[PDB]
Amino acid sequence: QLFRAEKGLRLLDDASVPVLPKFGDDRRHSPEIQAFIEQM
Amino acid sequence: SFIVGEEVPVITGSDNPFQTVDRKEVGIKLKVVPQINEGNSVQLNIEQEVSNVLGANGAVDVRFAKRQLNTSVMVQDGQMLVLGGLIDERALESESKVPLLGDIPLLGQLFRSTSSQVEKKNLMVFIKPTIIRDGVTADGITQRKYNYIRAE
Amino acid sequence: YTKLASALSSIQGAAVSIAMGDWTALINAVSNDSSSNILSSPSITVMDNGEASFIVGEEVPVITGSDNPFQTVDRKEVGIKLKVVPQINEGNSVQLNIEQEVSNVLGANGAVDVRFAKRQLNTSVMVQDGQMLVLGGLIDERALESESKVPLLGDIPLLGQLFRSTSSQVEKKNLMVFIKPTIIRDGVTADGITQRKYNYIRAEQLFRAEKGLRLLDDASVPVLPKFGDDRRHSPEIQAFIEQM
Amino acid sequence: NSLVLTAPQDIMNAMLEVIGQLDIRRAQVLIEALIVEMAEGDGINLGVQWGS
Amino acid sequence: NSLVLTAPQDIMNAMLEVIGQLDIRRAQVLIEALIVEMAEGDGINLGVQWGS
Amino acid sequence: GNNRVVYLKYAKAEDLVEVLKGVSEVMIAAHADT
Amino acid sequence: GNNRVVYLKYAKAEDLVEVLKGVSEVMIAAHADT
């Protein structure tokens, strides 16, 4: 999945590719939502 | 038992001389049996469902979109517990091109056809009990809901 | 134009005709590429020694003994399905009886009725309190080659491509299923898990409310209240009730 | 909604105690469910075709 | 949700001990499944035909 | 101690009732919820 | 030692119950899960 995310979507965002979290880490927000919640 | 929805006939053994039609329920449905301990905890047996009617695309009869949770849990007096949910992600890519002409650094777009798709879905269900033991608590809850509706 | 329309209906890629005097050369060439990536995560909360069922999907009628005087129709379930019975030992291990399924509807190509694409795992395992175990999976690889040529003319070092037809195909598939239990014994653990999931959903909703509706009010987006706060009126109704 | 009981004194007293213990008020529960659904989707198509 | 029990003292005490041992709280389990699917495909076709 | 209640870790009580009926012969009962 | 529990390596207990019923005649039971 990480290799597929390196060569992202042809005509879309490269961060929309589903990638599993690190082993035993659980889900995290996308960078845009993370920045939005950090600003708030 | 709680239902807000529709009653729909379906075929169970289908002009026609005898169709064997049965009427089913779709909508928002909640069946619950509570059991309060001697203190401040409630054990719940729950059947929860959200379902609607979709037209048949190649089936003999209409289809139902269905989301159902059947379980039994323990919750505190006025706290919330998560019953279940679903996280779905999907990415699709497709390309058709002329073998050698479609890789030219600039003029190759004239010999290509590309499609990309991304879909995300998030579903979650929560439940919350509240114990009413006296008339004042019930009066407070009823007054809250009544005043909300009346203010609208 | 009927025959020409039928001839060009199935063509994908380049099919180019060159006339050179009572002789036509048709060149066909195409390259295809496809990728797919799917992640799914169903979850359910149960009590010890209790059964739990989870379905997100569809209810489809099928023929079981098919105008028609009597069809003998039965309605079946397709979708993402999870049936689980847990058993906690006295400590920190859970024995699980699991039926897991992902299934959808495919149209019949030569069958009497519709078909179901189906992936199902039925088993029983032991997992630790908060660890992950692999239940099953599939690795599939496939390569296909095909060639048709004129016997001796198709082996000329350079001019032989004019007397050949070649097809090649490669397909790869990877499927995997994992499961993970978590024991809730007190109210604080359940509160933490519920708060995590609730705050995730609410953060997504608040972000969507920042970039409101394209041509409507930005406050009409549904946003969950704060954890343990219950419903409140919209600002217009709040101002109206404050004035009154 | 009445019970008619006939029995000697001791059985009568025991039965009355049992009835008094089982004839009590039950509490009530208000149960609220919350269903949240969110969906997002994005797609792009781009191509060039040549014909004669 | 009540039990009505009638018995002599010794059987009564034994039954009360058994009830007290069986009337306890059960823990809960949150169960999460994870389904991963990946597919890839590639093909090429090339040919020349002659006609008259 | 004429009566005991045993909490099982790995087995199922309904399974063990049939096995222990012969050995006991004495009453054996299973509570499935616990 | 009036009771024993024997863990089988290669055979199936349900199979051996029928065979040993005659030889024992005494109670023989099989636990399939273990």
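The chains referred to below are lettered A, B, ... by the order of the sequence lines, with proteins before strands, and numbering in each begins at 1.
- If you check the side chains of B:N52 and B:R67, you find a donor sitting under 3.5 Å from an acceptor.
- Side-chain N or O atoms of B:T71 include one that pairs as donor or acceptor with a backbone N or O of C:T45 at under 3.5 Å.
- Judged by distance alone, the side chains of B:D134 and B:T137 do bring a donor and an acceptor atom under 3.5 Å apart.
- Using a cut-off of 4.0 Å between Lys/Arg side-chain N and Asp/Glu carboxylate O, B:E89 and B:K120 are scored as not salt-bridged.
- G:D33 CG to C:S124 OG: the interatomic distance, rounded to the nearest 0.5 Å, is 8.0 Å.
- With hydrogens and angles disregarded, no donor-acceptor distance shorter than 3.5 Å links the side chain of C:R185 to the backbone of E:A27.
- Atom CG in D:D23 sits 11.5 Å away from atom CG in D:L16 (nearest 0.5 Å).
- To the nearest 0.5 Å, atoms CG (F:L20) and CE (G:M27) are separated by 13.5 Å.
- To the nearest 0.5 Å, atoms CG (B:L123) and CD1 (B:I87) are separated by 10.0 Å.
- In this structure, A:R27 fails the cation-pi test against C:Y200, since its NZ or CZ atom is not both closer than 6.0 Å to the six-membered ring centre and inside 45 degrees of the ring normal.
- Side-chain atoms of F:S24 come within 3.5 Å of backbone atoms of F:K21 as a donor-acceptor pair (strictly under, hydrogens ignored).
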Practice problem: Assess whether side-chain contact (heavy atoms from CB on, under 4.5 Å) is satisfied between B:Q48 and B:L69, documenting all intermediate values. | Solution: CA-CA 5 Å; B:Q48 186 258 15; B:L69 264 48; 4.2 Å; yes
Practice problem: Evaluate salt bridge (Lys or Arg N to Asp or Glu O under 4.0 Å) for C:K197 paired with E:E32, printing each intermediate quantity in order. | Solution: CA-CA 13 Å; C:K197 309 231 199 243; E:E32 313 182 71; 3.7 Å; yes
Exercise. Starting from the C-alpha separation in whole Å, work towards a yes-or-no answer on side-chain contact (heavy atoms from CB on, under 4.5 Å) for B:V10 and B:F64.
Key: CA-CA 11 Å; B:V10 296; B:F64 298 152; 3.7 Å; yes
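- Here the side chain of C:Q71 pairs no donor or acceptor atom with the backbone of B:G13 at under 3.5 angstrom.
- A salt bridge links B:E49 to B:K29: at least one charged side-chain nitrogen sits closer than 4.0 Å to a carboxylate oxygen.
- Of the charged side-chain nitrogens involved, at least one lies within less than 4.0 Å of a carboxylate oxygen, so that C:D230 and B:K128 count as a salt-bridged pair.
- When every heavy atom of B:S41 is checked against every heavy atom of E:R25, the shortest pair comes out as OG-NH2, 3.4 Å.
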Quiz item: Stepwise, does the salt bridge (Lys or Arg N to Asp or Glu O under 4.0 Å) test hold for C:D74 with C:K76?
Solution: CA-CA 7 Å; C:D74 202 27; C:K76 284 197 152 213; over 6 Å; no
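- With C:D129 contributing its side chain and C:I183 its backbone, the two residues share a donor-acceptor pair below 3.5 Å.
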Practice problem: Please test B:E152 against C:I237 for side-chain contact (heavy atoms from CB on, under 4.5 Å), starting from the C-alpha separation and ending with a verdict. | Solution: CA-CA 7 Å; B:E152 307 272 287; C:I237 325 291; 3.9 Å; yes
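- Panel note: side chain B:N37, backbone B:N40; a donor-acceptor pair is recorded below 3.5 Å.
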Practice problem: Assess whether side-chain contact (heavy atoms from CB on, under 4.5 Å) is satisfied between C:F227 and B:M80, documenting all intermediate values. | Solution: CA-CA 9 Å; C:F227 199 53; B:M80 212 171 69; 3.5 Å; yes
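- C:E58 has a carboxylate O that lies under 4.0 Å from a charged side-chain N of B:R63, or vice versa, which qualifies the two as a salt bridge.
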